[PDB]
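Next up: just one chain, as C-alpha cells, the form deposited in one PDB entry.
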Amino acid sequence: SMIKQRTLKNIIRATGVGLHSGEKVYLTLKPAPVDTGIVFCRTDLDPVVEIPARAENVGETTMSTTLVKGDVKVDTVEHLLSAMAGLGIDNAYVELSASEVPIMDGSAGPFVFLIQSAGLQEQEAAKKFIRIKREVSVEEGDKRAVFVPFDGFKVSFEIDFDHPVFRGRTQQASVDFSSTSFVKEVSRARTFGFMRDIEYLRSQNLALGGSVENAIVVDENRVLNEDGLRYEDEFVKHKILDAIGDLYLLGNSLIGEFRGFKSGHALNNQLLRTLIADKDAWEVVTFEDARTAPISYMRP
C-alpha cells in the first residue's frame, strides 16, 4: 500500500502545567482532515486563535520554541511536536486552554502513551516527505545545525557543558529513526536545567513550573533528582528529542540526517528557514509502495 497520512483515531485529553508559565492547562488533541498539518488552537479565546505548527509562525526561541499569531502565543511546542513527528502524525488539532503546552513529566513519554492509547488512523491521501538533496547548514559562533542527505531519518547531537556533572561524559549521540526506535530510544528523555539559573529564569517568566517532577534539575556538583536517570545519556538524548520536534515545524517527516552541535531552538529555527528558502536543496516525495520507502512506520 502507499504510505498514507495519519491523524488521531479519537480525541485525547491531558492536564498539566506549563514549564515556563507555571499555568494550569487543559490539552485536547483531535483528529483533523488531510493536509491540515498540526494546528494549535487557543480555546481560552473567543473566537479561537489557530496557529499552524509551522516554521513561519515561530516567534521567540528563548528556552523553548514559541508560536505566535496576532497578539497571542503558544509556548513550548517542541516536546509535543516531537511525539507527533516520532509517531508519524500528519494532521491534528491541538487545543489548549492556556498559552503553553503542559510539560507533563518533561519528556514525550506521556504524549506518546496518551496518543497510542487512542490510536492513529490512516487517511486516504499520500503522506508527503521532505527529502534533503544537498547539505544545508547554519552556524552561530561555535554552534552548528546541519541537514545532510541520507536515505532514512537520522539525528546526531553533541553538547558541551563546562559543568562538573557533564565533563568526562560522552555528550554525543546518534540515533537512526528510519525504523520504529523513537519510542524506545528518546521519547522518555526528560528536559533539564540548572538550579543556579532558577531565580534569573523565574524573573523572565521562565521555568515557573519547573521542578524535579518534570525535569532533571542539575545542582552545582550533582543531579538533584533522587530517583535517577532514565538513560545514562539522557541529556543529549533530550536534545535529540527537541531537535525532532523543532524539525517537525517543516510540516512533514524528513528524509535526511540532522546534526546539531551545541545548537538549540533558535538555531534549529534558523536552519529550517534557510532550508525552506534554499529550494534546490530539498524536494517533496511520496511512496506508492511502503516496501520501497526508506522509513517504516508502526501499525496505527
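In this text, rigid core is short for the largest set of C-alphas that superpose within 1.5 Å between two forms. In this text, residue numbers run from 1 along the sequence as written.
Across the two stretches, 98 to 106 and 161 to 169, the PDB entry reports the greater mean Cα temperature factor for 161 to 169. For the pair 108 to 116 and 196 to 204, the record assigns the higher mean C-alpha temperature factor to 196 to 204. By the numbers in the PDB entry, the CA B factor is greatest at 12 among 19, 12, 276, 25. In this structure the maximum Cα B-factor among 227, 75, 122, 90 is found at 227. Ranked within its chain, residue 60 lands in the highest third, by CA B factor from the PDB record. In the deposited entry, the Cα temperature factor of residue 242 sits in the bottom third of values across the chain's modelled residues. In this PDB entry, residue 143 carries a Cα temperature factor that places it within the highest third of its chain's modelled residues. Residue 298: CA B factor in the middle third of modelled residues in this chain (values from the PDB entry). Among the modelled residues of its chain, residue 223 has a C-alpha B-factor that falls in the highest third, as given in the PDB entry.
Keep in mind that the form deposited in another entry is not shown, yet the notes after this line are about it.
Aligning the rigid core between this form and the one not shown and inspecting 212, 114, 198, 148, the C-alpha positions shift by 2 Å or more at one residue, which is 198. Relative to the displayed conformation, the Cα-Cα distance from residue 199 to residue 228 shrinks by 3 Å or more in that other deposited form.
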